[PDB]
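Chemist: I am attaching a structure below and will ask some questions about it afterwards.
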Amino acid sequence: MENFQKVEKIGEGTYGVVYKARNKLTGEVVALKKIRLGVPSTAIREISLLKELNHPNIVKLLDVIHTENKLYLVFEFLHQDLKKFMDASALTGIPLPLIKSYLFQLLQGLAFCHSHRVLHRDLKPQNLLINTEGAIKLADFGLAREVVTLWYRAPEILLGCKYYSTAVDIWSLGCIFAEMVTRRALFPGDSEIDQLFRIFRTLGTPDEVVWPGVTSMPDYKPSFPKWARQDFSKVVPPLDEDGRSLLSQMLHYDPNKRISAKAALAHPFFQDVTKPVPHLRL
Ligand SMILES: NS(=O)(=O)c1ccc(N/N=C2\C(=O)Nc3ccc(C(=O)NCCc4c[nH]cn4)cc32)cc1
């Protein structure tokens with residue numbers, strides 16, 4: 001760890017603190033994450049697998065430094081997160097071609113991870129990183145295998161499913177897609193039940209018709225209030241019918257009906273996809 005010079009604190013997650021740092025051996029500027037824990041053998045093997053999960057839309061894990069019961073992860077550095085970009089673009093809105101490019105790129109990243117049976121599990125604007133070239137990348141990946149944000153949590157997680165699928169990441173990305181379009185979080189819950197009830201108030205209380213097996217889920221309660229579903233024309237205006245159709249498939253209640261990342265890439269919404277350059281003030 002004497003090989004790195006800290007520049008500034010760039011964030012704090014559930015695992016630990018992230019610093020921008022300079023590698024005294026290569027001159028490289030990196031993101032250094034100190035994992036708060038010595039380190040379990042199961043974690044070392046899993047994190048070593050992530051070093052090989054390389055894709056242009058996945059923040060590169062450069063090195064795993066396991067020294068003196070402490071664990072450090074050395075990552076590729078990107079200059080801004082989607083959260084700051086969305087806040088900076090709030091008066092005007094992110095242009096639809098850039099939203100489309102970012103969604104397409106993230107679906108490429110998820111299609112890759114999911115093909116390797118790797119789930120993110122905690123997608124949110126804060127772990128989506130962007131650069132000046134128009135790229136967007138997924139950070140803080142297969143690490144799951146301040147108050148924690150519930151806004152992007154899939155309903156099967158909230159209802160107590162222990163063995164959830166790659167569909168949880170599609171749900172989170174659908175929530176982020178809606179937020180980029182409307183400039184407001186889709187489901188800003190501040191408790192697990194407020195999160196669930198916000199989802200139910202918009203998409204309708206799920207039942208055995210739309211989600212077979214839902215009433216047998218661990219945290220499902222027959223006493224849940226029964227709300228009627230709302231139109232997507234009301235939920236994400238002024239998004240066009242291609243975008244609303246894709247969003248509806250990413251937000252299906254039944255994880256088995258929810259669109260995969262691979263099928264989403266073929267959706268007619270991406271017929272005119274391009275790669276614009278964002279206006280980044282760094
Ligand atoms: N706000 S900002 O637009 O000025 C701005 C600028 C640069 C950056 N970079 N972050 C990173 C980077 O380059 N590689 C990374 C690899 C992994 C992680 C990661 O594990 N994150 C979870 C913990 C967390 C951090 N932040 C909130 N939770 C982060 C980064 C982030 C935000």
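Following the order of the structure tokens, first chain is A, next is B, and so on, with residues numbered from 1 inside each chain and ligands from 1 in the order they appear.
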Would you list, as a ChimeraX atom specification, the residues of region 20-201 of chain A that end up in strand (DSSP E or B) under DSSP run on this structure's backbone?
Modeler: /A:20-23,29-35,58,61-67,70-76,80-81,128-130,136-138
Chemist: With C-alpha atoms retained, could you export that selection as a compact mmCIF listing (two decimals), in the first residue's frame?
Modeler:
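Output file selection.txt is given in full below:
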```txt
# COMPACT_ATOMS: atom_id res chain seq x y z
CA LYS A 20 -8.65 8.69 -5.99
CA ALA A 21 -4.95 7.74 -5.84
CA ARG A 22 -1.73 7.73 -7.85
CA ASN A 23 0.34 4.54 -8.40
CA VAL A 29 -4.38 7.35 -11.52
CA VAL A 30 -6.71 4.80 -9.92
CA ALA A 31 -9.65 4.37 -7.53
CA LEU A 32 -8.48 2.68 -4.35
CA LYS A 33 -11.10 0.93 -2.25
CA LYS A 34 -10.27 -0.10 1.33
CA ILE A 35 -12.56 -3.01 2.31
CA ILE A 58 -17.38 -2.77 -16.58
CA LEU A 61 -10.55 -4.35 -11.34
CA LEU A 62 -6.78 -3.80 -11.76
CA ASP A 63 -5.50 -5.54 -8.61
CA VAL A 64 -6.50 -7.22 -5.34
CA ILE A 65 -4.06 -6.37 -2.51
CA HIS A 66 -4.49 -8.68 0.49
CA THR A 67 -2.05 -7.37 3.18
CA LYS A 70 -6.82 -5.59 5.33
CA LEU A 71 -8.19 -5.86 1.77
CA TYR A 72 -7.63 -3.20 -0.94
CA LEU A 73 -9.19 -3.17 -4.41
CA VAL A 74 -7.45 -1.13 -7.15
CA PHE A 75 -9.88 -0.04 -9.88
CA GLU A 76 -9.84 1.90 -13.10
CA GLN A 80 -17.85 11.45 -12.85
CA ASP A 81 -20.78 9.28 -11.72
CA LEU A 128 -22.52 4.05 -12.89
CA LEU A 129 -19.40 5.94 -14.06
CA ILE A 130 -18.95 8.07 -17.14
CA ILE A 136 -20.71 4.48 -19.22
CA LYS A 137 -19.46 1.70 -16.92
CA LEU A 138 -20.77 -0.53 -14.12
```
Chemist: As a PDB file with C-alpha atoms, in the first residue's frame, which residues of region 65-274 of chain A does DSSP assign to helix (DSSP H, G or I)?
Modeler:
```pdb
ATOM      1  CA  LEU A  82     -24.282   9.279 -13.277  1.00  0.00           C
ATOM      2  CA  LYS A  83     -25.741  10.789 -10.074  1.00  0.00           C
ATOM      3  CA  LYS A  84     -23.653  13.983 -10.410  1.00  0.00           C
ATOM      4  CA  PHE A  85     -24.302  14.076 -14.192  1.00  0.00           C
ATOM      5  CA  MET A  86     -28.107  13.757 -13.629  1.00  0.00           C
ATOM      6  CA  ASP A  87     -28.022  16.554 -11.000  1.00  0.00           C
ATOM      7  CA  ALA A  88     -25.942  18.772 -13.404  1.00  0.00           C
ATOM      8  CA  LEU A  96     -32.785  11.290 -25.359  1.00  0.00           C
ATOM      9  CA  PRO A  97     -29.925  10.051 -27.728  1.00  0.00           C
ATOM     10  CA  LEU A  98     -27.487  10.098 -24.751  1.00  0.00           C
ATOM     11  CA  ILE A  99     -30.017   8.350 -22.432  1.00  0.00           C
ATOM     12  CA  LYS A 100     -30.446   5.710 -25.178  1.00  0.00           C
ATOM     13  CA  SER A 101     -26.647   5.294 -25.638  1.00  0.00           C
ATOM     14  CA  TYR A 102     -26.114   4.938 -21.861  1.00  0.00           C
ATOM     15  CA  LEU A 103     -28.975   2.419 -21.486  1.00  0.00           C
ATOM     16  CA  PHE A 104     -27.680   0.380 -24.500  1.00  0.00           C
ATOM     17  CA  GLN A 105     -24.106   0.319 -23.095  1.00  0.00           C
ATOM     18  CA  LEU A 106     -25.262  -0.749 -19.619  1.00  0.00           C
ATOM     19  CA  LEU A 107     -27.389  -3.517 -21.128  1.00  0.00           C
ATOM     20  CA  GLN A 108     -24.233  -4.699 -23.011  1.00  0.00           C
ATOM     21  CA  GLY A 109     -22.306  -4.799 -19.669  1.00  0.00           C
ATOM     22  CA  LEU A 110     -25.129  -6.666 -17.923  1.00  0.00           C
ATOM     23  CA  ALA A 111     -25.553  -9.138 -20.842  1.00  0.00           C
ATOM     24  CA  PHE A 112     -21.804  -9.925 -20.440  1.00  0.00           C
ATOM     25  CA  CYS A 113     -21.804 -10.348 -16.591  1.00  0.00           C
ATOM     26  CA  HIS A 114     -25.109 -12.306 -16.680  1.00  0.00           C
ATOM     27  CA  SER A 115     -23.644 -14.672 -19.383  1.00  0.00           C
ATOM     28  CA  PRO A 125     -26.625   6.059 -10.318  1.00  0.00           C
ATOM     29  CA  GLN A 126     -23.739   6.268  -7.780  1.00  0.00           C
ATOM     30  CA  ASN A 127     -22.025   3.130  -9.162  1.00  0.00           C
ATOM     31  CA  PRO A 155     -39.728  -6.443  -5.640  1.00  0.00           C
ATOM     32  CA  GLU A 156     -38.640 -10.108  -5.309  1.00  0.00           C
ATOM     33  CA  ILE A 157     -35.761  -8.955  -3.010  1.00  0.00           C
ATOM     34  CA  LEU A 158     -38.174  -6.801  -0.944  1.00  0.00           C
ATOM     35  CA  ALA A 167     -33.604 -10.129 -13.375  1.00  0.00           C
ATOM     36  CA  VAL A 168     -32.879  -8.006 -10.264  1.00  0.00           C
ATOM     37  CA  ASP A 169     -30.314  -5.975 -12.305  1.00  0.00           C
ATOM     38  CA  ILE A 170     -32.767  -5.396 -15.164  1.00  0.00           C
ATOM     39  CA  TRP A 171     -35.295  -4.020 -12.614  1.00  0.00           C
ATOM     40  CA  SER A 172     -32.673  -1.601 -11.153  1.00  0.00           C
ATOM     41  CA  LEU A 173     -31.639  -0.452 -14.656  1.00  0.00           C
ATOM     42  CA  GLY A 174     -35.329   0.131 -15.608  1.00  0.00           C
ATOM     43  CA  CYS A 175     -35.646   2.379 -12.520  1.00  0.00           C
ATOM     44  CA  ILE A 176     -32.503   4.340 -13.578  1.00  0.00           C
ATOM     45  CA  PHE A 177     -33.786   4.619 -17.208  1.00  0.00           C
ATOM     46  CA  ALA A 178     -37.086   6.166 -15.908  1.00  0.00           C
ATOM     47  CA  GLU A 179     -35.125   8.593 -13.678  1.00  0.00           C
ATOM     48  CA  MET A 180     -32.897   9.749 -16.570  1.00  0.00           C
ATOM     49  CA  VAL A 181     -36.050  10.479 -18.663  1.00  0.00           C
ATOM     50  CA  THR A 182     -38.221  12.190 -16.022  1.00  0.00           C
ATOM     51  CA  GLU A 192     -38.693  -1.483   2.843  1.00  0.00           C
ATOM     52  CA  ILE A 193     -42.510  -1.251   3.131  1.00  0.00           C
ATOM     53  CA  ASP A 194     -42.577   2.325   1.710  1.00  0.00           C
ATOM     54  CA  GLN A 195     -40.443   1.028  -1.206  1.00  0.00           C
ATOM     55  CA  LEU A 196     -42.786  -1.927  -1.809  1.00  0.00           C
ATOM     56  CA  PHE A 197     -45.944   0.212  -1.474  1.00  0.00           C
ATOM     57  CA  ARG A 198     -44.535   2.886  -3.882  1.00  0.00           C
ATOM     58  CA  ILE A 199     -43.991   0.090  -6.470  1.00  0.00           C
ATOM     59  CA  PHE A 200     -47.523  -1.274  -5.827  1.00  0.00           C
ATOM     60  CA  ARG A 201     -49.126   2.199  -6.118  1.00  0.00           C
ATOM     61  CA  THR A 202     -47.628   2.648  -9.616  1.00  0.00           C
ATOM     62  CA  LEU A 203     -47.570  -0.891 -11.070  1.00  0.00           C
ATOM     63  CA  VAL A 214     -46.147 -14.141  -5.382  1.00  0.00           C
ATOM     64  CA  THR A 215     -48.618 -14.917  -2.558  1.00  0.00           C
ATOM     65  CA  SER A 216     -46.267 -17.689  -1.196  1.00  0.00           C
ATOM     66  CA  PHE A 232     -46.768   4.296 -18.420  1.00  0.00           C
ATOM     67  CA  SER A 233     -47.925   7.359 -20.388  1.00  0.00           C
ATOM     68  CA  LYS A 234     -48.593   8.887 -16.887  1.00  0.00           C
ATOM     69  CA  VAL A 235     -45.431   7.362 -15.297  1.00  0.00           C
ATOM     70  CA  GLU A 241     -43.935   4.244 -27.205  1.00  0.00           C
ATOM     71  CA  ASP A 242     -40.706   2.306 -27.956  1.00  0.00           C
ATOM     72  CA  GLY A 243     -39.132   3.506 -24.684  1.00  0.00           C
ATOM     73  CA  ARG A 244     -42.344   2.894 -22.673  1.00  0.00           C
ATOM     74  CA  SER A 245     -42.671  -0.651 -24.164  1.00  0.00           C
ATOM     75  CA  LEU A 246     -39.055  -1.477 -23.245  1.00  0.00           C
ATOM     76  CA  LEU A 247     -39.438   0.028 -19.754  1.00  0.00           C
ATOM     77  CA  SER A 248     -42.619  -2.001 -19.140  1.00  0.00           C
ATOM     78  CA  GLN A 249     -40.701  -5.228 -19.979  1.00  0.00           C
ATOM     79  CA  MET A 250     -37.839  -4.262 -17.638  1.00  0.00           C
ATOM     80  CA  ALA A 261     -30.296  -7.860 -21.051  1.00  0.00           C
ATOM     81  CA  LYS A 262     -29.681  -9.770 -24.351  1.00  0.00           C
ATOM     82  CA  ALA A 263     -33.350  -9.556 -25.489  1.00  0.00           C
ATOM     83  CA  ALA A 264     -33.479  -5.854 -24.414  1.00  0.00           C
ATOM     84  CA  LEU A 265     -30.559  -5.054 -26.798  1.00  0.00           C
ATOM     85  CA  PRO A 268     -36.999  -1.638 -31.422  1.00  0.00           C
ATOM     86  CA  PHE A 269     -36.087   1.277 -29.011  1.00  0.00           C
ATOM     87  CA  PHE A 270     -32.442   0.754 -30.012  1.00  0.00           C
TER      88      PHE A 270
END
```
Chemist: Between A:17, A:119, A:228, A:282, which has the minimum distance to residue 146 (chain A) (counting only C-alpha atoms)?
Modeler: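 Of A:17, A:119, A:228, A:282, the one nearest residue 146 (chain A) is A:17, counting only C-alpha atoms.
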Chemist: Calculated over only C-alpha atoms, which of the candidates A:78, A:148, A:139, A:159 has the smallest distance to residue 206 (chain A)?
Modeler: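 Ranked by minimum distance to residue 206 (chain A), first place goes to A:159.
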Chemist: Leaving out residue 120 (chain A) and any residue of its chain fewer than 6 positions from it, which residues lie within 8 Å of it when counting only C-alpha atoms, given as a ChimeraX atom specification?
Modeler: /A:140-144,169
